[PDB]
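The structure under discussion appears below in the form of structure tokens.
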Amino acid sequence: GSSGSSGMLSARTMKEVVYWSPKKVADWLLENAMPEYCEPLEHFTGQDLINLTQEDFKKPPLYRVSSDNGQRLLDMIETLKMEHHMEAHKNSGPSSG
């Protein structure tokens, strides 16, 4: 083993998590035990990371990365957005699905 117990475990701010760096997005993953998404998110940016959807899982780079149909991550990210100023739609009930 090499990285047994990390020294520092915390984040300055996640209100944007969009302008982040390609090296930070990763640290955030391992921080929550998500080293499996680091590979596909190696060159990912806070912005691209938050722009991830269950649909993006069906295809690469993020594909069958976990046995949770990309739930653990989707949930870990969903929060990264709720913070940012992203006015989501209101109406509920699509035409086709």
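Going through the structure tokens in order, the chains are called A, B, and so on, while each chain numbers its residues from 1 and the ligands are numbered from 1 in the order shown.
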All residues 10 Å or closer to residue 31 in chain A, only C-alpha atoms, same chain fewer than 2 positions away omitted, as a PyMOL selection string: chain A and resi 6+8-11+26-29+33-35
Which of chain A fall in alpha helix (DSSP H), as a ChimeraX atom specification: /A:24-31,46-50,54-58,71-83
Write the residues you've just listed into a file as a CSV table (one decimal), in the first residue's frame, and include N, CA, C and O atoms for each of them.
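Contents of again_35.csv, freshly written:
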```
chain,number,residue,atom,x,y,z
A,24,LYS,N,-8.1,18.7,-10.1
A,24,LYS,CA,-9.0,18.8,-8.9
A,24,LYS,C,-10.1,17.8,-9.0
A,24,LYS,O,-10.4,17.0,-8.1
A,25,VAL,N,-10.9,17.9,-10.1
A,25,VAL,CA,-12.0,17.0,-10.3
A,25,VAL,C,-11.7,15.6,-9.8
A,25,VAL,O,-12.6,14.9,-9.2
A,26,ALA,N,-10.5,15.1,-10.0
A,26,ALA,CA,-10.1,13.8,-9.5
A,26,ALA,C,-10.0,13.7,-8.0
A,26,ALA,O,-10.7,12.9,-7.4
A,27,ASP,N,-9.2,14.6,-7.4
A,27,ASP,CA,-9.1,14.6,-5.9
A,27,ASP,C,-10.5,14.5,-5.3
A,27,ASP,O,-10.7,13.9,-4.2
A,28,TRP,N,-11.5,15.2,-5.9
A,28,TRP,CA,-12.9,15.2,-5.4
A,28,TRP,C,-13.4,13.7,-5.4
A,28,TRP,O,-14.2,13.4,-4.5
A,29,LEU,N,-13.1,13.0,-6.4
A,29,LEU,CA,-13.6,11.6,-6.6
A,29,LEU,C,-13.1,10.7,-5.4
A,29,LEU,O,-13.8,10.2,-4.6
A,30,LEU,N,-11.7,10.6,-5.4
A,30,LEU,CA,-11.1,9.8,-4.3
A,30,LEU,C,-11.6,10.2,-2.9
A,30,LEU,O,-11.7,9.4,-2.0
A,31,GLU,N,-11.8,11.5,-2.8
A,31,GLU,CA,-12.3,12.1,-1.5
A,31,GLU,C,-13.5,11.3,-1.0
A,31,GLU,O,-13.8,11.3,0.2
A,46,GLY,N,-14.5,20.3,-13.7
A,46,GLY,CA,-15.7,20.6,-12.8
A,46,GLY,C,-16.9,20.8,-13.7
A,46,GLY,O,-18.0,20.3,-13.3
A,47,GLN,N,-16.8,21.5,-14.8
A,47,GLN,CA,-17.9,21.8,-15.6
A,47,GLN,C,-18.4,20.6,-16.3
A,47,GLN,O,-19.6,20.3,-16.3
A,48,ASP,N,-17.5,19.8,-16.9
A,48,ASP,CA,-17.8,18.6,-17.6
A,48,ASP,C,-18.3,17.5,-16.7
A,48,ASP,O,-19.2,16.8,-17.0
A,49,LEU,N,-17.8,17.5,-15.5
A,49,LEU,CA,-18.1,16.5,-14.5
A,49,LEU,C,-19.6,16.7,-14.0
A,49,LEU,O,-20.4,15.8,-13.9
A,50,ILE,N,-20.0,18.0,-13.8
A,50,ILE,CA,-21.4,18.3,-13.4
A,50,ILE,C,-22.3,18.1,-14.6
A,50,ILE,O,-23.5,17.9,-14.4
A,54,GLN,N,-27.1,10.2,-16.3
A,54,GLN,CA,-27.3,8.8,-16.4
A,54,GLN,C,-27.1,8.3,-17.9
A,54,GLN,O,-26.7,7.2,-18.2
A,55,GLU,N,-27.5,9.2,-18.8
A,55,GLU,CA,-27.4,8.9,-20.3
A,55,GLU,C,-25.9,8.8,-20.7
A,55,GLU,O,-25.6,8.0,-21.5
A,56,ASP,N,-25.1,9.7,-20.1
A,56,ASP,CA,-23.7,9.7,-20.4
A,56,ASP,C,-23.0,8.4,-20.0
A,56,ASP,O,-21.9,8.0,-20.5
A,57,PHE,N,-23.6,7.6,-19.1
A,57,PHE,CA,-23.1,6.4,-18.6
A,57,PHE,C,-23.2,5.3,-19.7
A,57,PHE,O,-22.4,4.4,-19.9
A,58,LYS,N,-24.4,5.3,-20.4
A,58,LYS,CA,-24.6,4.3,-21.4
A,58,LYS,C,-23.5,4.3,-22.4
A,58,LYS,O,-23.3,3.2,-23.1
A,71,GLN,N,-25.2,5.3,-10.2
A,71,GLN,CA,-26.0,6.0,-9.2
A,71,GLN,C,-25.2,6.8,-8.2
A,71,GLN,O,-25.3,8.0,-8.0
A,72,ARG,N,-24.2,6.1,-7.6
A,72,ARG,CA,-23.4,6.7,-6.6
A,72,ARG,C,-22.8,8.0,-7.1
A,72,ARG,O,-22.9,9.0,-6.4
A,73,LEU,N,-22.2,8.0,-8.3
A,73,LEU,CA,-21.7,9.2,-8.9
A,73,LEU,C,-22.7,10.2,-9.1
A,73,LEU,O,-22.7,11.3,-8.6
A,74,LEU,N,-23.7,9.9,-10.0
A,74,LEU,CA,-24.8,10.8,-10.3
A,74,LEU,C,-25.3,11.5,-9.1
A,74,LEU,O,-25.6,12.7,-9.1
A,75,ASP,N,-25.4,10.8,-8.0
A,75,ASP,CA,-25.8,11.4,-6.7
A,75,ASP,C,-24.8,12.4,-6.1
A,75,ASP,O,-25.1,13.4,-5.7
A,76,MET,N,-23.5,11.9,-6.2
A,76,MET,CA,-22.4,12.7,-5.7
A,76,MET,C,-22.3,14.0,-6.5
A,76,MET,O,-21.8,15.1,-6.0
A,77,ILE,N,-22.7,14.0,-7.7
A,77,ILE,CA,-22.6,15.2,-8.6
A,77,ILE,C,-23.9,16.0,-8.5
A,77,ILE,O,-23.8,17.2,-8.4
A,78,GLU,N,-25.0,15.4,-8.5
A,78,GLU,CA,-26.3,16.1,-8.4
A,78,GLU,C,-26.2,17.2,-7.4
A,78,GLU,O,-26.8,18.3,-7.5
A,79,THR,N,-25.5,17.0,-6.3
A,79,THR,CA,-25.3,17.9,-5.2
A,79,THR,C,-24.4,19.1,-5.7
A,79,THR,O,-24.5,20.2,-5.3
A,80,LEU,N,-23.4,18.7,-6.5
A,80,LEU,CA,-22.4,19.7,-7.0
A,80,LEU,C,-23.1,20.8,-7.8
A,80,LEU,O,-22.6,21.8,-8.0
A,81,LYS,N,-24.3,20.4,-8.3
A,81,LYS,CA,-25.1,21.4,-9.1
A,81,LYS,C,-26.1,22.2,-8.3
A,81,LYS,O,-26.0,23.4,-8.3
A,82,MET,N,-26.9,21.4,-7.6
A,82,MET,CA,-27.9,22.1,-6.7
A,82,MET,C,-27.4,23.4,-6.1
A,82,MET,O,-28.1,24.3,-5.9
A,83,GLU,N,-26.0,23.4,-5.9
A,83,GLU,CA,-25.4,24.6,-5.3
A,83,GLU,C,-25.3,25.7,-6.3
A,83,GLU,O,-25.8,26.8,-6.1
```
Straight-line distance linking CA of residue 17 in chain A with CA of residue 85 in chain A, stated in Å to one decimal: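 Computed distance, CA of residue 17 in chain A to CA of residue 85 in chain A, equals 11.2 Å.
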Using only C-alpha atoms, which of A:89, A:12, A:53, A:1 sits nearest residue 69 in chain A?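 Using only C-alpha atoms, residue 69 in chain A sits closest to A:53.
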Interatomic distance between CA of residue 16 in chain A and CA of residue 44 in chain A?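 The value is 14.7 Å.
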What is the CA of residue 23 in chain A-CA of residue 41 in chain A distance in Å, reported with one decimal?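 Result for CA of residue 23 in chain A versus CA of residue 41 in chain A: 9.5 Å, one decimal.
For the residues A:42, A:3, A:32, A:51, ranking by smallest atom-to-atom distance to residue 86 in chain A using only C-alpha atoms places A:51 first.
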Nearby residues (only C-alpha atoms) at most 8 Å from residue 40 in chain A, same-chain spacing under 3 positions excluded, as a PDB file with N, CA and C atoms, in the first residue's frame:
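Saved result, result_19.pdb, follows:
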```
ATOM      1  N   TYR A  37     -14.025   6.382 -11.202  1.00  0.00           N
ATOM      2  CA  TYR A  37     -14.445   7.397 -12.160  1.00  0.00           C
ATOM      3  C   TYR A  37     -13.288   8.325 -12.514  1.00  0.00           C
ATOM      4  N   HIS A  43      -9.257  13.662 -17.412  1.00  0.00           N
ATOM      5  CA  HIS A  43      -9.150  14.929 -18.126  1.00  0.00           C
ATOM      6  C   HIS A  43     -10.483  15.673 -18.114  1.00  0.00           C
ATOM      7  N   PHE A  44     -11.278  15.435 -17.077  1.00  0.00           N
ATOM      8  CA  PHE A  44     -12.580  16.080 -16.947  1.00  0.00           C
ATOM      9  C   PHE A  44     -12.480  17.336 -16.085  1.00  0.00           C
ATOM     10  N   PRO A  60     -19.220   5.673 -23.408  1.00  0.00           N
ATOM     11  CA  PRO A  60     -17.915   6.044 -22.851  1.00  0.00           C
ATOM     12  C   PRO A  60     -17.722   7.556 -22.783  1.00  0.00           C
ATOM     13  N   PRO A  61     -16.692   7.989 -22.042  1.00  0.00           N
ATOM     14  CA  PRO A  61     -15.793   7.079 -21.328  1.00  0.00           C
ATOM     15  C   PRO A  61     -16.478   6.391 -20.150  1.00  0.00           C
ATOM     16  N   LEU A  62     -17.461   7.069 -19.567  1.00  0.00           N
ATOM     17  CA  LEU A  62     -18.197   6.524 -18.433  1.00  0.00           C
ATOM     18  C   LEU A  62     -19.163   5.433 -18.884  1.00  0.00           C
TER      19      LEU A  62
END
```
